[PDB]
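Structure below is final_3.cif: mmCIF, C-alpha atoms and all ligand atoms.
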```cif
data_structure
#
loop_
_atom_site.label_atom_id
_atom_site.label_comp_id
_atom_site.auth_asym_id
_atom_site.auth_seq_id
_atom_site.Cartn_x
_atom_site.Cartn_y
_atom_site.Cartn_z
CA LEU A 14 -11.57 -12.10 18.04
CA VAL A 15 -13.31 -11.25 14.76
CA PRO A 16 -16.10 -13.70 13.86
CA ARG A 17 -15.27 -15.75 10.78
CA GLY A 18 -16.96 -15.10 7.44
CA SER A 19 -16.17 -11.47 6.57
CA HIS A 20 -13.60 -10.00 4.18
CA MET A 21 -11.54 -7.10 5.54
CA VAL A 22 -9.99 -4.97 2.78
CA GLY A 23 -7.27 -2.57 3.93
CA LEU A 24 -5.08 -0.09 2.10
CA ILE A 25 -1.52 0.57 3.22
CA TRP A 26 0.78 3.22 1.78
CA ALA A 27 3.53 5.69 2.65
CA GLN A 28 3.28 9.25 1.32
CA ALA A 29 5.19 12.47 1.44
CA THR A 30 3.29 15.39 2.95
CA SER A 31 2.29 16.43 -0.58
CA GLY A 32 0.59 13.07 -1.20
CA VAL A 33 3.31 11.80 -3.54
CA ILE A 34 3.77 8.04 -3.20
CA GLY A 35 5.64 7.14 -6.39
CA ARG A 36 7.99 8.63 -8.98
CA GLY A 37 10.10 7.07 -11.73
CA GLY A 38 8.80 3.60 -10.90
CA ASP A 39 10.15 3.82 -7.35
CA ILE A 40 9.35 5.18 -3.91
CA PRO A 41 11.41 8.41 -3.76
CA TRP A 42 12.74 7.82 -0.25
CA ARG A 43 14.01 4.93 1.87
CA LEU A 44 12.58 4.25 5.33
CA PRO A 45 13.54 0.82 6.71
CA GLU A 46 11.34 1.54 9.72
CA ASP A 47 8.38 1.86 7.37
CA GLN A 48 9.30 -1.41 5.62
CA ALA A 49 9.24 -3.15 9.00
CA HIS A 50 5.84 -1.61 9.77
CA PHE A 51 4.53 -2.58 6.35
CA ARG A 52 5.69 -6.16 6.89
CA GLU A 53 4.04 -6.29 10.33
CA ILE A 54 0.65 -5.05 9.08
CA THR A 55 0.50 -7.29 6.01
CA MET A 56 2.17 -10.47 7.30
CA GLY A 57 0.12 -13.63 6.93
CA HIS A 58 -2.52 -12.01 4.72
CA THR A 59 -3.20 -11.64 1.02
CA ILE A 60 -1.52 -8.63 -0.61
CA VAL A 61 -2.86 -7.13 -3.86
CA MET A 62 -0.74 -4.85 -6.05
CA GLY A 63 -0.80 -3.36 -9.50
CA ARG A 64 1.51 -4.69 -12.16
CA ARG A 65 3.70 -1.58 -11.92
CA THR A 66 4.15 -2.10 -8.18
CA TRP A 67 5.14 -5.72 -8.86
CA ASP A 68 7.66 -4.42 -11.39
CA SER A 69 8.97 -1.99 -8.77
CA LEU A 70 10.01 -4.79 -6.38
CA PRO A 71 13.54 -6.11 -7.04
CA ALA A 72 13.52 -9.57 -8.55
CA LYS A 73 15.29 -11.04 -5.52
CA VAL A 74 12.64 -9.97 -2.96
CA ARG A 75 9.44 -10.98 -4.78
CA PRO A 76 7.06 -12.57 -4.13
CA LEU A 77 6.94 -11.01 -0.67
CA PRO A 78 7.29 -13.89 1.83
CA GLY A 79 4.58 -15.11 4.18
CA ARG A 80 1.78 -13.49 2.14
CA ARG A 81 -0.30 -14.58 -0.83
CA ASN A 82 0.85 -12.18 -3.56
CA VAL A 83 -1.82 -11.08 -6.06
CA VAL A 84 -0.96 -8.93 -9.10
CA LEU A 85 -3.56 -6.95 -11.05
CA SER A 86 -2.94 -6.68 -14.79
CA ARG A 87 -4.84 -6.49 -18.07
CA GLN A 88 -2.15 -8.67 -19.69
CA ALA A 89 -3.47 -12.22 -19.36
CA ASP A 90 -0.02 -13.66 -20.07
CA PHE A 91 1.85 -11.51 -17.54
CA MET A 92 4.60 -13.45 -15.75
CA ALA A 93 4.74 -12.90 -11.96
CA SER A 94 6.71 -15.89 -10.66
CA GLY A 95 5.19 -16.97 -7.37
CA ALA A 96 2.16 -14.66 -7.56
CA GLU A 97 -1.43 -14.93 -8.73
CA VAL A 98 -2.34 -12.67 -11.67
CA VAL A 99 -5.93 -11.40 -11.87
CA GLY A 100 -7.68 -9.14 -14.38
CA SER A 101 -10.00 -7.37 -11.94
CA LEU A 102 -10.48 -6.90 -8.21
CA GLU A 103 -13.59 -9.11 -8.28
CA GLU A 104 -11.69 -12.27 -7.29
CA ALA A 105 -8.69 -10.59 -5.60
CA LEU A 106 -10.59 -9.76 -2.39
CA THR A 107 -11.83 -13.19 -1.29
CA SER A 108 -9.57 -13.76 1.75
CA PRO A 109 -10.65 -12.95 5.33
CA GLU A 110 -8.19 -10.05 5.22
CA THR A 111 -6.63 -8.43 2.14
CA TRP A 112 -4.11 -5.57 2.07
CA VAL A 113 -3.87 -3.44 -1.07
CA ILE A 114 -0.22 -2.40 -1.19
CA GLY A 115 -0.33 -0.06 -4.20
CA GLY A 116 0.16 1.72 -6.33
CA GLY A 117 -1.77 4.82 -7.31
CA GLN A 118 -4.20 3.15 -9.72
CA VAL A 119 -4.97 0.17 -7.52
CA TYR A 120 -5.65 2.28 -4.41
CA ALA A 121 -8.36 4.11 -6.35
CA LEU A 122 -9.82 0.81 -7.57
CA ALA A 123 -10.00 -0.74 -4.08
CA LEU A 124 -10.85 2.29 -1.93
CA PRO A 125 -14.65 1.75 -2.23
CA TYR A 126 -14.34 -1.65 -0.51
CA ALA A 127 -11.77 -0.66 2.14
CA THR A 128 -12.53 -0.36 5.85
CA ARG A 129 -8.94 0.22 7.05
CA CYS A 130 -6.10 2.43 5.89
CA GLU A 131 -2.60 2.28 7.37
CA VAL A 132 -0.78 5.45 6.31
CA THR A 133 2.83 6.46 6.84
CA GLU A 134 3.38 10.21 6.48
CA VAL A 135 6.99 11.07 5.64
CA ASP A 136 8.07 14.64 6.32
CA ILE A 137 9.87 15.09 3.03
CA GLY A 138 9.23 18.08 0.82
CA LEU A 139 8.34 16.62 -2.58
CA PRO A 140 5.94 18.83 -4.53
CA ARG A 141 3.83 16.87 -6.99
CA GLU A 142 5.22 16.55 -10.51
CA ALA A 143 3.82 15.27 -13.79
CA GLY A 144 3.69 11.48 -13.75
CA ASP A 145 3.86 11.06 -9.97
CA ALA A 146 1.75 8.42 -8.29
CA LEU A 147 -0.43 9.99 -5.57
CA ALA A 148 -2.16 8.74 -2.43
CA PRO A 149 -5.95 8.58 -2.26
CA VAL A 150 -7.57 11.54 -0.54
CA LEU A 151 -9.73 10.09 2.20
CA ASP A 152 -13.20 11.49 2.72
CA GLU A 153 -15.06 12.27 5.94
CA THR A 154 -16.31 8.70 6.48
CA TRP A 155 -12.84 7.71 7.72
CA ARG A 156 -11.82 8.11 11.34
CA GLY A 157 -8.56 7.23 12.98
CA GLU A 158 -5.59 7.91 15.21
CA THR A 159 -2.57 10.06 14.43
CA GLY A 160 0.67 8.75 15.84
CA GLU A 161 3.57 10.77 17.21
CA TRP A 162 6.31 11.97 14.88
CA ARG A 163 9.43 9.83 15.09
CA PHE A 164 12.93 10.10 13.63
CA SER A 165 14.20 7.28 11.47
CA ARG A 166 17.86 6.33 11.62
CA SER A 167 18.44 8.40 8.47
CA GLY A 168 17.03 11.44 10.31
CA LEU A 169 13.85 11.56 8.24
CA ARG A 170 10.76 12.30 10.33
CA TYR A 171 7.65 10.15 9.91
CA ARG A 172 4.40 9.22 11.63
CA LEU A 173 1.75 6.51 11.37
CA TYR A 174 -2.00 7.04 10.87
CA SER A 175 -4.44 4.16 11.49
CA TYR A 176 -7.86 4.83 9.91
CA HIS A 177 -11.07 2.77 10.07
CA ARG A 178 -14.66 2.95 8.84
CA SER A 179 -17.75 0.73 8.98
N1 LIG B 1 3.42 3.27 -0.24
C1 LIG B 1 4.10 3.73 -1.37
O1 LIG B 1 4.73 4.73 -1.33
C2 LIG B 1 3.96 2.90 -2.61
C3 LIG B 1 3.36 1.65 -2.56
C4 LIG B 1 3.25 0.91 -3.70
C5 LIG B 1 3.72 1.42 -4.92
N2 LIG B 1 4.32 2.65 -4.96
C6 LIG B 1 4.82 3.26 -6.17
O2 LIG B 1 3.56 3.67 -7.07
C7 LIG B 1 3.95 3.65 -8.33
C8 LIG B 1 3.13 2.62 -9.12
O3 LIG B 1 1.79 3.06 -9.02
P1 LIG B 1 0.94 3.23 -10.42
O4 LIG B 1 -0.38 3.90 -10.16
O5 LIG B 1 1.81 3.92 -11.45
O6 LIG B 1 0.72 1.66 -11.02
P2 LIG B 1 0.04 0.44 -10.15
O7 LIG B 1 -1.25 0.89 -9.58
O8 LIG B 1 0.98 -0.15 -9.17
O9 LIG B 1 -0.24 -0.65 -11.35
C9 LIG B 1 -0.87 -0.13 -12.47
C10 LIG B 1 -1.24 -1.33 -13.34
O10 LIG B 1 -2.15 -2.06 -12.74
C11 LIG B 1 -3.12 -2.62 -13.89
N3 LIG B 1 -4.43 -2.00 -13.72
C12 LIG B 1 -4.82 -0.78 -13.36
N4 LIG B 1 -6.16 -0.73 -13.39
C13 LIG B 1 -6.60 -1.95 -13.76
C14 LIG B 1 -7.88 -2.46 -13.95
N5 LIG B 1 -9.14 -1.79 -13.78
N6 LIG B 1 -8.04 -3.71 -14.33
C15 LIG B 1 -6.95 -4.51 -14.54
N7 LIG B 1 -5.71 -4.02 -14.36
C16 LIG B 1 -5.54 -2.73 -13.96
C17 LIG B 1 -2.55 -2.25 -15.02
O11 LIG B 1 -1.48 -3.24 -15.31
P3 LIG B 1 -1.04 -3.60 -16.87
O12 LIG B 1 -0.31 -2.41 -17.51
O13 LIG B 1 -0.06 -4.76 -16.77
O14 LIG B 1 -2.24 -3.95 -17.67
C18 LIG B 1 -1.87 -0.92 -14.68
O15 LIG B 1 -0.84 -0.58 -15.56
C19 LIG B 1 5.42 3.23 -8.32
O16 LIG B 1 6.17 4.35 -8.40
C20 LIG B 1 5.58 2.54 -6.95
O17 LIG B 1 7.02 2.67 -6.56
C21 LIG B 1 4.43 3.39 -3.81
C1 LIG B 2 7.96 -0.24 2.39
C2 LIG B 2 7.14 0.54 1.31
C3 LIG B 2 5.63 0.62 1.65
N1 LIG B 2 5.33 1.16 2.85
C4 LIG B 2 4.01 1.25 3.22
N2 LIG B 2 3.72 1.84 4.50
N3 LIG B 2 2.95 0.84 2.44
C5 LIG B 2 3.27 0.28 1.21
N4 LIG B 2 2.19 -0.16 0.38
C6 LIG B 2 4.61 0.16 0.80
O1 LIG B 2 4.92 -0.40 -0.47
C7 LIG B 2 5.06 -1.83 -0.47
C8 LIG B 2 5.40 -2.22 -1.97
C9 LIG B 2 6.75 -1.57 -2.45
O2 LIG B 2 7.85 -2.02 -1.63
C10 LIG B 2 9.08 -1.32 -1.66
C11 LIG B 2 9.32 -0.35 -2.65
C12 LIG B 2 10.55 0.35 -2.66
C13 LIG B 2 11.53 0.07 -1.69
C14 LIG B 2 11.27 -0.93 -0.70
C15 LIG B 2 10.04 -1.63 -0.66
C16 LIG B 2 9.83 -2.69 0.42
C17 LIG B 2 10.31 -4.11 0.05
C18 LIG B 2 10.16 -4.47 -1.42
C19 LIG B 2 9.61 -5.18 0.90
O3 LIG B 2 8.57 -4.86 1.61
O4 LIG B 2 10.04 -6.38 0.94
#
```
Take the structure in this file and express it as structure tokens.
Amino acid sequence: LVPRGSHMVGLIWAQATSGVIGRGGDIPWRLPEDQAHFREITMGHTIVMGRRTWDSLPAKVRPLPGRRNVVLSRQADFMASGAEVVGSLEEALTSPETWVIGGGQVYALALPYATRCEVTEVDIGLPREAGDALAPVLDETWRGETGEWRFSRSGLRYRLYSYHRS
């Protein structure tokens, strides 16, 4: 029951405790439970990603189903079969609800407009290295709930944070 007419911009990411979210063009862990959670949050909404995050999805899974896929690139002729390609965030955020799904550069671009963050914290020890993609560091305007730790089937421990701001 949200009145029509507004544009909710959310960020969603999964990070190691160190803040690492990406390395070698991939996510350096596998957490099917987090993929299910990611699908549930974003389903039915527009999803915006950087060109490198588009490249990081296997060809056989993209575009992600049930969502309008939007890819941010400076290459006007970039080929993202089944997605919209835009050259700035100006016209990427026009839906009633948009989820920015990564990666490092696009989170920083969209953070100023975001009022929700859905964060998965993965208890993996990965100290930051040169070239890693990192999560945004939220400031004090954000408030939210910290979920309980839970074990994935692989035995990796993780928890969900749901943050909001006005
Ligand atoms: N939750 C997670 O853990 C998570 C989620 C998503 C992604 N990732 C990972 O994060 C890493 C990718 O993140 P990243 O920071 O390296 O790249 P990215 O943010 O996904 O995409 C970067 C690209 O976006 C375009 N871009 C950036 N700023 C732009 C601007 N102002 N205007 C127009 N286009 C702009 C450029 O594309 P062009 O070069 O084509 O011009 C830039 O190369 C990968 O390792 C991925 O696996 C992790
Ligand atoms: C589930 C990862 C994730 N998790 C969270 N919490 N936030 C995010 N932005 C986020 O990234 C979504 C974009 C990258 O997707 C992936 C990368 C590497 C392996 C597996 C997937 C999942 C597949 C491709 C799928 O969803 O179909």
Near ligand LIG 1 (chain B), 7 Å: chain A residue rows, closest pairs, only C-alpha atoms and all ligand atoms, as a tab-separated table:
```
residue	atom	partner	partner_atom	distance
A:25	CA	B:LIG1	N1	6.6
A:26	CA	B:LIG1	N1	3.3
A:27	CA	B:LIG1	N1	3.8
A:28	CA	B:LIG1	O1	5.4
A:34	CA	B:LIG1	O1	3.9
A:35	CA	B:LIG1	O16	3.5
A:36	CA	B:LIG1	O16	4.7
A:37	CA	B:LIG1	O16	5.8
A:38	CA	B:LIG1	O16	3.7
A:39	CA	B:LIG1	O17	3.4
A:40	CA	B:LIG1	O17	4.3
A:62	CA	B:LIG1	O8	5.9
A:63	CA	B:LIG1	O9	3.3
A:64	CA	B:LIG1	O9	4.5
A:65	CA	B:LIG1	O9	4.1
A:66	CA	B:LIG1	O8	3.9
A:67	CA	B:LIG1	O8	7.0
A:69	CA	B:LIG1	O17	5.5
A:85	CA	B:LIG1	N7	4.9
A:86	CA	B:LIG1	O11	3.8
A:87	CA	B:LIG1	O14	3.7
A:88	CA	B:LIG1	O14	5.1
A:100	CA	B:LIG1	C15	4.7
A:101	CA	B:LIG1	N6	4.8
A:114	CA	B:LIG1	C4	5.4
A:115	CA	B:LIG1	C4	3.7
A:116	CA	B:LIG1	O3	3.4
A:117	CA	B:LIG1	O4	3.3
A:118	CA	B:LIG1	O7	3.7
A:119	CA	B:LIG1	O7	4.3
A:120	CA	B:LIG1	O7	6.9
A:122	CA	B:LIG1	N5	6.8
A:146	CA	B:LIG1	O2	5.2
```
**OP:** Give me the residues within 9 Å of residue A:123 as a ChimeraX atom specification, counting only C-alpha atoms and dropping any in the same chain fewer than 4 places off.
**Re:** /A:22-24,102,113,118-119,127
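From atom CA of residue A:31 back to atom CA of residue A:60, the distance works out to 25.3 Å.
Candidate residues A:54, A:83, A:137, A:89 were compared for distance to ligand LIG 2 (chain B), and the nearest is A:54, using all atoms listed in the file.
Distance annotation: of A:132, A:142, A:15, A:170, the residue with the minimal separation from residue A:158 is A:132; atom set is all atoms listed in the file.
Taking all atoms listed in the file into account, ligand LIG 2 (chain B) lies nearest to A:61 out of the set A:61, A:105, A:124, A:98.
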Subject >> Atomic separation - atom CA of residue A:77 relative to atom CA of residue A:33, Å >> reply: 23.3 Å
**OP:** Rank A:32, A:95, A:57, A:76 by their smallest atom-to-atom distance to ligand LIG 2 (chain B), using only C-alpha atoms and all ligand atoms, and report the top residue only.
**Re:**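 Counting only C-alpha atoms and all ligand atoms, the residue closest to ligand LIG 2 (chain B) is A:76.
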Original post:
Distance atom CA of residue A:166-atom CA of residue A:139, one decimal place?
Top reply: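 One can read the atom CA of residue A:166 to atom CA of residue A:139 distance as 20.0 Å.
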